[PDB]
Amino acid sequence: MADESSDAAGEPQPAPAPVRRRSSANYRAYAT
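For this deposition, the record names solution NMR as the technique by which the model was determined.

Dropping the structure here:
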C-alpha cells in the first residue's frame, strides 16, 4: 500500500489480550 492508514480502511486485526502478572510475577519472584 502507499499510505499507512490502509490498516483501518482494509481488514483491521484483533488486538491481543495482555496477560496478568499477579500469579506469574509472584510465583517467579519466589523461585528467581
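And the narrative resumes.
### Overview of the overall build of the protein
Check the secondary structure of the protein and you find two helices and zero strands. Referenced to the eigenvectors of the C-alpha coordinate spread, the extents of the protein come out at roughly 50 × 15 × 10 Å. Within the span of the protein, comprising 32 residues, buried residues form 0% of the whole. Just so you have it, the protein exposes about 3,400 Å², and 57% of that area is on carbon and sulfur atoms. Across the protein, 4 positive and 4 negative side-chain charges occur, with their mean positions spaced 33 Å apart.

### Overview of the environment of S23
Inspection of the secondary structure assignment puts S23 in the loop between α1 (6-9) and α2 (24-31). Between the C-alpha atoms of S23 and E11, which are 12 residues apart in sequence, the distance is 35 Å. Among the polar contacts listed, one links the side chain of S23 to the side chain of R22, at a separation of 2.8 Å.

Rules used throughout
Residues numbered from 1 in each chain as written, not as in the entry; some residues may be left out. Heavy atoms only, no water. Helix = DSSP H or I, 4+ residues; strand = E, 2+ residues; numbered from the N terminus. Buried < 20%, exposed > 50% of the residue type's maximum accessible area, 1.4 Å probe, protein only. Areas by Shrake-Rupley, 256 points an atom, 1.4 Å probe, with all protein chains shown as cover. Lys, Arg positive; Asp, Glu negative; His and termini not counted. Charge placed at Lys NZ, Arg CZ, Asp CG, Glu CD. Polar contact = N/O pair within 3.5 Å; in protein donor to acceptor, adjacent residues only side chain to side chain.

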